[PDB]
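Chains as they are written, first to last, in the entry's author numbering: chain C, 61 to 141, 145 to 205; chain B, 17 to 47, 56 to 112; chain A, 1 to 104.
Ideal Cβ positions, reconstructed from N, Cα and C, are used throughout, including at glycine.
To keep things clear, I will list the structure first and then write my remarks on it.
Shown next as structure tokens:
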């Protein structure tokens, strides 16, 4: 599996700063490349984190799984240490995707089919953001 | 440098060309080649679209904290349809 | 500091930015570039209040807090036809449809 943490056993202290209005779900890619969820950060908050050099993290909205950025990119890798800052922020979503997020947040999934919209938008709504998918995406880009 | 985007209900939105060009659809519609009509997008939607362009261009490639792009429930469906058509 | 504006007259709306320290007159120059009408033929407003040419946009109430990219502040615009200025008129945007029952 191409996207995985290296088992370095080299401690690296990190601050996860949630500079977003979302409840943030930190996700650690284990040594097999499996996403592992860690405790959620409410909006505006931070946590000091013990991780290790060569470990891979990404960050998502804990409720909807929408993609978040970290230091303006997709993946955060602790470096050699002073704690390293991981600034978690909203991406500039496409307007299409932001509209999808709002519609998803207002309509129960069983009622998407009752929206007066073209078929292809029902499907776009149903295709919820998904970590394992994003990871297949990122894996193929290599 | 500026282009005009006209809503279904006749409102005329004048935005920088570089802002408009974040719609691929609009980029193609510009090829009065500095004016484009949208007979399916009303003003309450096209105004929001233009706000999104400003938003996109200000905050794309910024390390500053990025604020939420707000969308009232009442326009979400139409804005979705417009966003989809405009490819933005 | 950039401030983000909609300059609005009748059914016309310009989206532009300007500096907080720039002047009402300097904005009329921007409008002139776009709508081909000179400063002395333009009145600019915030709400119903006429804005003085020599005042900064900041002094007129346009700031980073109130004039954001995703939520721009409105500037009213009124043209002089020959003799005298028309009243400030801004056509509202269209109304959205009633909220679908499934969005409650």
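Notebook entry, point to check: What is the rounded straight-line gap between the Cα of residue 1 of chain A and the Cα of residue 65 of chain A?
Noted result: 11 Å
Notebook entry, point to check: Is it a yes or a no for the stretch 184-198 of chain C touching the stretch 66-85 of chain A, going by three-plus beta-carbon pairs under 8 Å?
Noted result: no
Item checked: Residue from C/88, C/82 and C/173 with nearest C-alpha to residue 111 of chain C -> C/88
Check: Whose Cβ in chain C lies nearer than 8 Å to the Cβ of residue 73 of chain B?
Finding: 158
Check: If you draw a straight line from the C-alpha of residue 146 of chain C to the C-alpha of residue 78 of chain C, how long is it?
Finding: 16 Å
Note to self: Assess contact between the stretch 7-17 of chain A and the stretch 183-193 of chain C, defined as three or more Cβ pairs (one per stretch) separated by less than 8 Å. Is contact present?
What the structure shows: no
Notebook entry, point to check: So the beta strand (DSSP E) residue 73 of chain C belongs to, where does it begin and stop?
Noted result: 71-78
Notebook entry, point to check: How many whole angstroms separate the CB atoms of residue 29 of chain B and residue 84 of chain A, which I take to be in contact at a CB cut-off of 8 Å?
Noted result: Incorrect: roughly 28 Å between the Cβ atoms, too far for contact.
Check: CB residue 48 of chain A to CB residue 5 of chain A, shorter than 9 Å?
Finding: no
Notebook entry, point to check: Nearest chain A C-beta to residue 100 of chain B closer than 9 Å, yes or no?
Noted result: yes
Checklist line | Residues that residue 180 of chain C contacts on chain B, provided the C-beta gap is smaller than 8 Å | finding: 101, 104 and 105
Note to self: I need the boundaries of the alpha helix (DSSP H) containing residue 108 of chain B, first residue and last residue.
What the structure shows: 97-110
Checklist line | Contacting residues, own chain, Cβ-Cβ under 6 Å from residue 66 of chain C (five flanking each side not counted) | finding: 114
Item checked: Meets three-Cβ-pair contact criterion under 8 Å: the stretch 79-86 of chain B and the stretch 145-165 of chain C -> yes
Next item on the list: With a threshold of 16 other CB atoms inside 10 Å of the CB of residue 17 of chain B, please say whether the residue is buried or exposed.
Entry: exposed
Margin query: Counting C-beta neighbours from all protein chains within 10 Å, is the total for residue 75 of chain C 16 or more, i.e. buried, or is it exposed?
Written below: exposed
Note to self: Give me, in chain order, the residues of the same chain whose beta-carbon lies closer than 7 Å to that of residue 97 of chain C; leave out the 5 immediate sequence neighbours on both sides.
What the structure shows: 85 and 87
Notebook entry, point to check: Opposite residue 149 of chain C in the DSSP bridges: which residues?
Noted result: C/76
Notebook entry, point to check: Can you list, in chain order, the residues of the stretch 60-78 of chain A whose Cβ is nearer than 9 Å to any Cβ on chain B?
Noted result: 68, 69, 70, 71 and 72
Check: My guess is that residue 46 of chain B and residue 73 of chain B are in contact by the Cβ rule of under 8 Å, so how many angstroms apart are they, rounded?
Finding: About 15 Å separates the two Cβ atoms, so there is no contact after all.
Next item on the list: Mind checking who residue 111 of chain C pairs with in its DSSP beta bridge?
Entry: C/72
Checklist line | chain A within 9 Å of residue 62 of chain B, Cβ atoms only | finding: no
Check: Nearest-angstrom Cα distance between residue 98 of chain A and residue 104 of chain A?
Finding: 12 Å
Next item on the list: Mind checking which residues open and close the beta strand (DSSP E) that includes residue 74 of chain A?
Entry: 73-81
Margin query: Please list the terminal residues of the continuous alpha helix (DSSP H) segment that includes residue 84 of chain B.
Written below: That residue, residue 84 of chain B, is in no alpha helix (DSSP H); it is neither H nor E in DSSP.
Notebook entry, point to check: Smallest Cα separation from residue 17 of chain A: which of B/78, B/24, B/23 and B/63?
Noted result: B/78
Note to self: Which residue wins for smallest C-alpha separation from residue 104 of chain B, given the options C/176, C/92 and C/180?
What the structure shows: C/180
Item checked: Simplified DSSP assignment, three categories, for residue 125 of chain C -> coil
Next item on the list: Pull up the CB-CB distance for residue 94 of chain A and residue 58 of chain A, whole angstroms please, since I reckon it's below 8 Å.
Entry: That pair is no contact at about 32 Å.
Margin query: Check whether chain A comes within 9 Å of residue 170 of chain C, counting only Cβ atoms and requiring the distance to be less than that.
Written below: yes
Checklist line | Closer than 9 Å to chain C by CB, residue 103 of chain A | finding: yes
Notebook entry, point to check: Looking only at C-alpha atoms, which of B/22, B/56, B/57 and B/66 sits nearest to residue 101 of chain B?
Noted result: B/66
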